[PDB]
Amino acid sequence: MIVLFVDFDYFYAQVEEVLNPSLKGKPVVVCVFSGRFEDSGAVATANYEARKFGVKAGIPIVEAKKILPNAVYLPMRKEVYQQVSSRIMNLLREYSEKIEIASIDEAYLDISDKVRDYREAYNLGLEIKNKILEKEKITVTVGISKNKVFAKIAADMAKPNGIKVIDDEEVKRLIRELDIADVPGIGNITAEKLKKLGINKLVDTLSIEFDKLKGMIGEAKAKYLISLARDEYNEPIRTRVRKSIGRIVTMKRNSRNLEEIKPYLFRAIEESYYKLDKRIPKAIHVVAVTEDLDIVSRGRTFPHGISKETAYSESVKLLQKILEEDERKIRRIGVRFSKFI
DNA sequence: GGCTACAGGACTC
DNA sequence: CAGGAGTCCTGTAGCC
Ligand SMILES: NC1=C(F)CN([C@@H]2CS[C@H](COP(=O)(O)OP(=O)(O)O)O2)C(=O)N1
Ligand SMILES: [Ca+2]
Ligand SMILES: [Ca+2]
Ligand SMILES: [Ca+2]
């Protein structure tokens with residue numbers, strides 16, 4: 001199989017630049033302002049000029065400003081980046097009907113039937129990059145390999161504005177040398193346990209006792225790493241269909257007062273319903289982020305669709321459940337809808 | 001034993 | 001000082 005993975009560079013910031021070319025060359029930081037106070041909130045992303053200096057996704061807006069006080073700080077305009085993203089995905093569909101849109105800025109293309117080898121795959125890579133640059137003036141990174149995992153690792157290595165092919169031999173080389181932290185799906189918590197059992201590389205997972213790996217990181221993750229280490233990983237590229245839609249908001253003040261949480265819960269329901277579009281959920285979860293940033297939730301599935309009105313009343317019952325089963329205060333409240341008709 | 005629902009864990013962008 | 005959205009897996013308990 002040949003997989004070509006496309007990853008939009010510094011997407012949100014790059015779209016802001018395309019819309020305001022005066023930003024070009026400057027550090028740009030796209031932020032999610034929470035409302036709690038001047039500059040409360042976090043960074044969604046930043047362009048390379050800002051990232052060079054340590055301004056990256058997830059840090060507090062306040063910390064970024066200590067580092068880069070004169071950078072351009074912009075509020076997130078996701079609906080704008082979604083429309084640009086949709087247009088680029090349409091361009092990629094021209095190059096393969098087997099396409100997996102993984103997120104607003106990543107897509108996998110199975111081009112097994114379009115090219116014979118990596119040479120033609122690379123050339124198809126340039127063709128796509130040039131097409132996108134020409135139509136939308138967005139630069140992207142193309143990673144090419146035998147499966148989704150290594151096509152992505154490839155783009156991780158080549159970004160920004162790059163294109164890289166990892167052939168069969170480098171797969172083998174990476175299985176030996178690639179740090180197992182850099183493997184998609186392995187985060188600090190897992191990485192600590194792997195580079196706890198001396199597992200620093202995919203290969204190490206083959207020599208260790210299975211029940212032992214599974215004991216630490218669970219069955220699915222151990223099979224996954226092991227299949228990758230055996231160079232036997234295959235996950236088909238398939239149409240991703242949205243499984244859930246929701247919204248969660250930050251309250252101006254922490255609370256556990258039902259009447260004071262309601263307005264937030266209700267606005268979260270309103271936005272969610274809008275985004276549901278013509279989808280009818282049968283399940284609803286109320287999600288609370290507590291004062292210490294722990295995530296709590298209670299949900300219900302129905303044997304029929306949930307009307308907005310039923311969403312409102314059930315959401316309050318589920319929120320009561322949370323309130324009466326946990327003595328902490330809430331900081332963020334929301335809902336998530338799923339199991340669509 | 002293993003399927004189902006539900007709640008939490010971890011991860012990704 | 002810690003936003004938001006969305007996915008997959010797992011432990012526990014009910015049930016066949
Ligand atoms: N924590 C966090 C992220 F890591 C990423 N992020 C959004 C989701 S999509 C957009 C992609 O930005 P990027 O292209 O700057 O990310 P990169 O692909 O370089 O890792 O970033 C976001 O909103 N929050
Ligand atoms: Ca990405
Ligand atoms: Ca990207
Ligand atoms: Ca990692």
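Reminder, nothing fancy here: chain letters follow the sequence lines and each chain counts from 1.
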## Note on the structure
Per the under-4.0 Å heavy-atom filter, residues of residues 90-109 of chain A near DNA chain B come out as A:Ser103, A:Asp105, A:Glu106
### Task
Between A:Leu293 and A:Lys78, just flag the one whose closest nucleotide in DNA chain C comes earlier from the 5' side.
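It is A:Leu293 whose nearest nucleotide is closer to the 5' end.
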Could you check whether [X] gets within reach of a base, just the sugar-phosphate, or nothing at all, counting any heavy atom under 4.0 Å?
| X | value |
| --- | --- |
| A:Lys152 | sugar-phosphate |
| A:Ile59 | nothing |
| A:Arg331 | sugar-phosphate |
| A:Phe37 | sugar-phosphate |
| A:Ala57 | nothing |

Could you note down all residue pairs passing salt bridge (charged side-chain N to carboxylate O under 4.0 Å, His left out) where [range] supplies at least one of them, sequence neighbours left out?
| range | answer |
| --- | --- |
| residues 244-257 of chain A | A:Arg247-A:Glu271 |
| residues 73-84 of chain A | A:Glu16-A:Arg77 |
| residues 188-212 of chain A | A:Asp179-A:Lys195 |

Write down the distance between [atom1] ([X]) and [atom2] ([N]), rounded to a whole number of angstrom.
| X | N | atom1 | atom2 | result |
| --- | --- | --- | --- | --- |
| A:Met251 | C:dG3 | CE | P | 12 Å |
| A:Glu271 | C:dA5 | CD | P | 8 Å |
| A:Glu291 | C:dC1 | CD | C1' | 16 Å |
| A:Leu225 | B:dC11 | CG | P | 11 Å |
| A:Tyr264 | C:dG4 | OH | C1' | 17 Å |
| A:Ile217 | B:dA10 | CD1 | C1' | 12 Å |
| A:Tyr274 | C:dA5 | OH | P | 14 Å |
| A:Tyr81 | B:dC13 | OH | P | 19 Å |

Could you go through nucleotides 6-9 of chain C and list every protein N or O atom that sits under 3.5 Å from one of its N or O atoms, giving the distance for each pair?
| residue | atom | partner | partner atom | Å |
| --- | --- | --- | --- | --- |
| C:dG6 | OP2 | A:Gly246 | N | 2.8 |
| C:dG6 | OP2 | A:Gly246 | O | 3.3 |
| C:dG6 | OP2 | A:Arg336 | NH1 | 3.0 |
| C:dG6 | OP2 | A:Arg336 | NH2 | 2.8 |
| C:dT7 | OP1 | A:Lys243 | N | 2.7 |
| C:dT7 | OP2 | A:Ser244 | N | 3.3 |
| C:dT7 | OP2 | A:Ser244 | OG | 2.7 |
| C:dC8 | OP1 | A:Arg238 | NH2 | 3.2 |
| C:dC8 | OP2 | A:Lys243 | NZ | 3.2 |

#### Entry: A:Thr45, A:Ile104, A:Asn47 screened by side chain to side chain contact (heavy atoms under 4.5 Å, CB included) with A:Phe11, the one that passes
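The option that passes is A:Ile104.
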### Message
By the ring pair (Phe, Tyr, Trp, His ring centres under 6.0 Å) test, which pairs, at least two apart or in different chains, include something from residues 45-103 of chain A?
### Response
A:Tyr12-A:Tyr81
Show the distances under 3.5 angstrom between N or O atoms of the protein and N or O atoms of nucleotides 5-9 of chain B.
| residue | atom | partner | partner atom | Å |
| --- | --- | --- | --- | --- |
| B:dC6 | OP2 | A:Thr301 | OG1 | 2.8 |
| B:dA7 | OP2 | A:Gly299 | N | 2.8 |
| B:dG8 | OP2 | A:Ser297 | N | 3.0 |
| B:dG8 | OP2 | A:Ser297 | O | 3.4 |

### Task
Given salt bridge (charged side-chain N to carboxylate O under 4.0 Å, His left out), test A:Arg267 with A:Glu270 step by step and report yes or no.
CA-CA 5 Å; A:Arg267 184 162 57 80; A:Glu270 279 309 316; over 6 Å; no
Please enumerate all residues that pass side-chain hydrogen bond (donor to acceptor under 3.5 Å, both in side chains) together with [X], with sequence neighbours excluded.
| X | answer |
| --- | --- |
| A:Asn90 | A:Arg93 |
| A:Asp39 | A:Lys65 |
| A:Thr139 | A:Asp9, A:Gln14 |

### Task
For A:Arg279 and A:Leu276, indicate whether the former's side chain and the latter's backbone hold a donor-acceptor pair under 3.5 Å.
yes
### Message
I'd like to know if the side chain of A:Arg36 and the backbone of A:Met251 have a donor-acceptor N/O pair within less than 3.5 Å.
### Response
yes
### Task
Test the A:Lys148-A:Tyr108 pair against the cation-pi criterion, namely NZ or CZ under 6.0 angstrom from the six-membered ring centroid and within 45° of the ring axis.
yes
### Query
Mind checking what makes salt bridge (charged side-chain N to carboxylate O under 4.0 Å, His left out) contact with A:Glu106, not counting sequence neighbours?
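Partners of A:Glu106 under the salt bridge (charged side-chain N to carboxylate O under 4.0 Å, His left out) test: A:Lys152.
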### Query
Is the CG atom of A:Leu133 crowded by more than 12 outside heavy atoms at less than 6.0 Å?
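Count over threshold, so yes.
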### Message
Tell me whether the side-chain N/O atoms of A:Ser34 come closer than 4.0 Å to OP1 or OP2 in C:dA2.
### Response
no
### Query
Of all the base pairs, Watson-Crick or G-U under 3.5 Å, which form stems of three or more consecutive pairs involving DNA chain C?
B:1-13 with C:4-16
### Task
Enter the distance from A:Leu206:CG to A:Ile226:CD1 here, rounded to the nearest 0.5 Å.
6.5 Å
